[PDB]
Each structure stands twice: as C-alpha cells, then as structure tokens.
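> One line per chain: the protein sequences are H and B, in this order.
Numbering-wise (PDB author numbering), the first sequence opens with residue 1 and increments by one.
Numbering-wise (PDB author numbering), the second sequence opens with residue 7 and increments by one.
Backbone N, C-alpha and C define an ideal beta-carbon position, used for all residues, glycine too.
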Amino acid sequence: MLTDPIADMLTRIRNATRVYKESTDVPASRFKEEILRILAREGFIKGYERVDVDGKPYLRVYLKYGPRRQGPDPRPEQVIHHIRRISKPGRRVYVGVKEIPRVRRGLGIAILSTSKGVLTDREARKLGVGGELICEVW
Amino acid sequence: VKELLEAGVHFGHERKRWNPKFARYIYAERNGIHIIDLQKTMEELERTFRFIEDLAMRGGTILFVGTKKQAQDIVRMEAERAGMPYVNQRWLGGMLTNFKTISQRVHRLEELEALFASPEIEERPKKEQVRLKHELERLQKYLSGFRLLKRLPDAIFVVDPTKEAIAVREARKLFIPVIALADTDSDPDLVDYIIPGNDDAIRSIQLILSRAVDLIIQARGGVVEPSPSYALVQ
RNA sequence: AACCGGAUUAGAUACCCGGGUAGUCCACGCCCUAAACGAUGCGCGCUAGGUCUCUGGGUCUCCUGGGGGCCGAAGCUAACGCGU
RNA sequence: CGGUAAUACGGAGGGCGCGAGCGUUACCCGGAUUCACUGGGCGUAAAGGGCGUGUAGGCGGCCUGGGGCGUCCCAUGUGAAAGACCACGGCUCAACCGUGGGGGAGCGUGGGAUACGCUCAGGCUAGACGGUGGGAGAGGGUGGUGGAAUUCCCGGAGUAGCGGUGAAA
Ligand SMILES: [Mg+2]
Ligand SMILES: [Mg+2]
Ligand SMILES: [Mg+2]
Ligand SMILES: [Mg+2]
Ligand SMILES: [Mg+2]
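Pasting the structure below:
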C-alpha cells in the first residue's frame, strides 16, 4: 500500500540525488512539507514547491550538489551525503531532550518531531523538548 | 562567420546508438534521427573557445587526437597549421601516463635521423639499411605529431570521444583538461569542454576543428587563409 | 524394477543383447516427498538506456499498457554475478 | 617441534619478565558485531516454508475536528546506610579509615504541549474492489470423436531366414 510515506520521501531524495537529478516529485502531505522546510532552511536542498500532477498534489523538490570536480570521476560531491529513517512504523523511536543525538560532532542534522512541532536537534534542545526522532541528515 | 554554417550540414547526427547523458543537447528525434540543438552548440562553443584563447595566449600546448576515418587527415593538417602536436593513426597505451617511456621512442627515432644524415647515409651491414630504415617507418607513421610534444600537454582536443576514450581516461588521470567535439555517441560528463556537434560529417569535423585553429594563432597574430583542408571534400 | 536367460570381464550380482512380473492406464480412496530450482517468500514506492518477443489499446515511423528473454547507467556483491 | 648439525626435547652458559613471590589447573566477563537493541545474515558459503487460501496477530493513503492512552516538558515525593565517584582530613606513606560534596534511571503525585503513534466523529479519491465494452491462452472438470504407429487374430500372396552386436549368442 505504501507503508511509510516519510521514508518513501527520504528515499526518493536519496535515489534522485545519486543520479544527480535536478528535481523530484513526491506525493504531498503536510507532515512531508514540514520535514522539507527544515531540509531547505539548513541548505541541504534549494527548496520545494507544491504542484499538481494528474489532478493530484505532489511536492516538487529541488536538490543541490557541490561543484563539478577534478580528476577521473568529475561527479560532484553531494550536499546530502546521508539521509536515514530512525523512527519507523515497525519500531518507533522517541527521545527526551536529555538524550537527543549530536549528529557528526555538530556538522549534522537530526530532524525530530515534538509537541512544539517538527524541529532540528539544536532547535529542540534549546526549546528544551524531545520527541519521535524522525531521521538524520549529514 | 558561424551561425548558419553550423546548420549547413553539421547539426544533428545518429539514432538509438545514444547516450541518455546527452539528453540536454538535443532539439528532437524527428524522422527517426537525432537532431541536435544548435543554440546550445554556440553557448558551449564560446565557453570552449574562451578556454582555448586563454590557454593559447598564455602560450600553452593543446594535443590533438583524431584517429577515425574522416578525421585522420584533417587532423595532421590543422595540427600543424597551428604548430601543435597530434596523434593520428594509433593512440598508444600510456602516451600521457607512460609518457617518459613512450618518449624514448621519439628519443631514439631522431637518433636515426642522425643516421639518414651521416657518414652512414649509404653504409652499415646492408640488411640494417632496411631493418633500421624500416624500423623508422613505424616510428614515422605514429610519432608524427607526438615528436614535437616534449612535456605533458596543457589540454587535449578529441574528435570522437567515445571512439577515443582511452585517451580521455588518461587525460583525467593527470588532470589534463579535455576538449572534445562530442555527439550522441558520447558521455558529456567526462568531456571537460564540450563542442556538442556531429562527430562524423567531414564538413562538420572541418568547419569546427579548423576554426578552433584560427584562435590558436589569432592569439598571436598572422592568421592564414581558409587553409589546406578539403582532402577530397566530395 | 524384480526375475529368467545370452554376452563381456581377472571377476561382472553392471553397463550391451533376448524375454519378463509388479508397475505404468481408468475408477474410487490413501501416502505428502523431491536438485517441489530462479537453489532468489509476498506486497508496495523509488532509481539511464538499448534489443528480440507474446498479448491488448491509440492519433498504428512508432506511442501506451500487461507478460517473456538478452545486454548492460547508478548502485550492490568475497567474487561469479544481479542490474525497472 | 623430534627420522645424527634441533634457537621448539634434556643439561650447560647467557638472556628476557616478574620478584616474596612466580608458575599451573578450574570458573566468570573480555576480545566474539561469533544471538548482531546498540550491532549480523539467507542465488552459489549455515540459511526462503513445495504452492495456495486465509484465523489470530504485526503493519496502514490524503484533509479536518474532539479526546490526551502512547510520547515530550516542569514542579514535587521516593531512590536507607555501606559501596562507586570528587574533594579535604587520620594512622610516618599507602592499604585501611573518617568528614563533606556531587549525581541517577524506574515509580507515585500536581500541572502543561498535541507534531508523531493510538482512539472517536466527519469528509476526500491517487490504494483496493465493482460496472460496461473488448481480448489471448496445452488453466481445470465431463462427455464424445479422429488419424498415424506398434502388438495380436483372420484372409491373400510368398520362401528361408529374421532379429540382434563392437563381435556375437
Ligand atoms: Mg532388458
Ligand atoms: Mg557479545
Ligand atoms: Mg520457493
Ligand atoms: Mg494471504
Ligand atoms: Mg595524609
């Protein structure tokens, strides 16, 4: 049926970015929109925007890459190196402010859903809340 | 005088022998053939001839490589209509990467120049006056434009890049930029500077490859005529 | 199959030859195993292409489905390979 | 390791390591991400059930609203002493000892958040199912029927072998 929408998305982005595509549709939800803002705000993507495709709501996603590169294999470095579900339908992961992960001594995100709303780790830490630990990007 | 001379007989090439990486530089598949977008040839051309002009005016060295049917001869002309090195018959294994070694061929070819002009112009146990004088045929036939190259080149300019990808391979291996005329045969992403065109039409190969050799001297004055290149253009 | 003979062989409870019961076939009822093999559980979403082919549909060079093959981007794999 | 040149056995000299000890055996955690929550795997290495149907169970699309069980936050209670930890003392040092400090999950209680998961109410149509029209097929069950071949029986004609093997019987 489509068991995890959030993961599907996290993956559509993993997959597209690895053949250096410019854009990617994902079928649209509010919670999906949210994660994308944090993604955009921390400059892992250029951004997103709604659309309609065959009568139906998608969110186009504008990926972003490094500069073309030197020697044999000139493929760019990649702005999103690592994106990964953590809470999952078959095993939900919840953490309190005291146990929030510090992805990659600082250089990394951990998107994280709380009662104050969807938030990065430092956001959440400073707001002092924890929650369902959605995923991590670096 | 470009623009119209491009769509002369030099625009679109092959069909379904294609690389999808080349999808951006195509106008359309009409008639079952691929017809390549000219506007984007021009765009790519400036960016390419800029690289060329600058390398030249800083007094560089572009190594030319065309070993295919229709390039073969127009290359040894425009190479020397520019005093630049070329490879023409056979790209050898490590011209760039075993360079120091492939170079002791040139080293020892013109050690024979020093016995075609010698007190040995008519003597030496006379079955060496072929063995040697016929060894200088291999050396002749191949190291014609490679003999002038004395330190690794500054660019390389390829005619068909998929045809000649064992060169390109080594270029990148040494960070030597790669300028190529490319078409739908080919994979852009490892051409450093791209002339998206027809790899095949002799009209095309000529139109382009020569006009690049305007620049190479017109970055130093004394530009010549329409130049010796219409081999049997018909 | 078994078995009864003819051979061959150092022997030949075998391979080769001549016969031959159960069985192989049909009805009904049991057994429930296999290199029961794609040695690859089922479902869904995503990620270049080329080529051959079965069956649909369209505006029928070809396009759009559903199946069957090979080659192979990215990636994967100890490797061999797998690769819409 | 040892079969006449043994740094591997036994003694010598010498050397290395610990030292009032040094070795040995047993048992525990370790290294062992070798039961893999952190942290593993299954085409050919150990490993996909012979196939379906579907019971319980696990899991569950887009939008809105109510509840606040999951989840998060703040207070507060509990969390004995000893131990562990950081200090500062006392036996000439230390071992030992003492004084003081600092923490903590888990659980009760009061208050709060509602993004996610749950639940309740209502909505959508991209999942699933149905309608209509059309298609290919050695998919299954029942009855029936057709021709080529072998074997047997009757008839004609007809004669000395046939069959079988590597060769034969
Ligand atoms: Mg028999
Ligand atoms: Mg363990
Ligand atoms: Mg199976
Ligand atoms: Mg089922
Ligand atoms: Mg003291």
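#1: I'd like to know whether the C-beta of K179 (chain B) is nearer than 8 Å to at least one C-beta of chain H.
#2: Report buried or exposed for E35 (chain B), applying the criterion of at least 16 other Cβ atoms within 10 angstroms of its Cβ.
#3: Assign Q45 (chain B) to one of two classes, buried (16 or more other C-beta atoms within 10 Å of its C-beta) or exposed (fewer than that).
#4: Would you be able to state if there are at least three C-beta pairs under 8 Å between the stretch 58-76 of chain H and the stretch 19-34 of chain H?
#5: DSSP on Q146 (chain B), reduced to helix/strand/coil?
#6: Does the CB of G66 (chain H) have a neighbour CB from chain B at under 8 Å?
#7: Which residues does DSSP pair with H40 (chain B) in a beta bridge?
#8: Distance check for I109 (chain H) and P5 (chain H), CA to CA, integer angstroms please.
#9: Between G71 (chain H) and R178 (chain B), how many whole angstroms is the CB-CB distance? I'm expecting something under 8 Å.
#10: Whole angstroms is fine: what's the gap from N94 (chain B)'s alpha carbon to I41 (chain B)'s?
#11: What's the call for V7 (chain B), buried or exposed, on a 16-neighbour Cβ count within 10 Å?
#12: Less than 7 Å separating the Cβ of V15 (chain B) from some heavy atom of ligand 6?
#13: Could you pull out every residue in the same chain whose Cβ sits closer than 7 Å to the Cβ of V174 (chain B), ignoring the five residues on either side in sequence?
#14: Just to make sure I have the definition right: I need the residues of chain H whose C-beta is within less than 9 Å of the C-beta of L196 (chain B). Which are they?
#15: What residue from B:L69, B:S124 and B:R30 has the CA that sits closest to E49 (chain B)'s CA?
#16: My guess is that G203 (chain B) and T107 (chain B) are in contact by the Cβ rule of under 8 Å, so how many angstroms apart are they, rounded?
#17: If we count the other Cβ atoms within 10 Å of its Cβ and call it buried at 16 or more, is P159 (chain B) buried or exposed?
#18: Report the residue ranges of all beta strand (DSSP E) runs contained in full by the stretch 126-177 of chain B; include only those spanning at least 3 residues, in chain order.
#19: Let me confirm a value: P91 (chain B) is counted as buried when at least 16 other C-beta atoms fall within 10 Å, else exposed. Which label applies?
#20: Only counting the same chain, and skipping five residues up and downstream in sequence, which positions put a Cβ closer than 7 Å to that of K116 (chain H)?
#21: For the stretch 210-229 of chain B against the stretch 81-89 of chain B, do three or more pairs of beta-carbon atoms, one drawn from each stretch, fall closer than 8 Å, so that the two count as touching?
#22: On the three-pair Cβ rule with 8 Å, is the stretch 10-20 of chain H touching the stretch 82-98 of chain H?
#23: How would you write the range of the beta strand (DSSP E) that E49 (chain H) sits in, first residue to last?
#24: What number of angstroms, rounded off, separates the C-alpha of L119 (chain H) from the C-alpha of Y65 (chain H)?
#25: So, is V81 (chain B) buried or exposed, given that buried needs 16 or more other C-beta atoms within 10 angstroms?
In short, the structure shows the following:
#1: Contacts with chain H at 8 Å (Cβ-Cβ) include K179 (chain B).
#2: Here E35 (chain B) is exposed. Its C-beta has fewer than 16 other C-beta atoms within 10 Å.
#3: Counting the other CB atoms within 10 Å of its CB gives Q45 (chain B) a total below 16, which places it among the exposed residues.
#4: Three or more Cβ pairs drawn from the stretch 19-34 of chain H and the stretch 58-76 of chain H lie within less than 8 Å of each other, which places the two stretches in contact.
#5: helix
#6: no
#7: Answer is B:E35, bridged to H40 (chain B).
#8: 20 Å
#9: 5 Å
#10: 29 Å
#11: exposed
#12: Questions concerning ligand 6 fall outside what the structure shown contains, since the ligands it does hold are ligand 1, ligand 2, ligand 3, ligand 4 and ligand 5.
#13: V164, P167, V184 and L196
#14: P72, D73 and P74
#15: Out of B:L69, B:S124 and B:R30, B:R30 has the C-alpha closest to the C-alpha of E49 (chain B).
#16: That pair is no contact at about 35 Å.
#17: buried
#18: 161-164
#19: buried
#20: Result list for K116 (chain H): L127 and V129, in chain order.
#21: yes
#22: yes
#23: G47 to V53
#24: Rounded to the nearest angstrom, the two C-alpha atoms are 24 Å apart.
#25: buried
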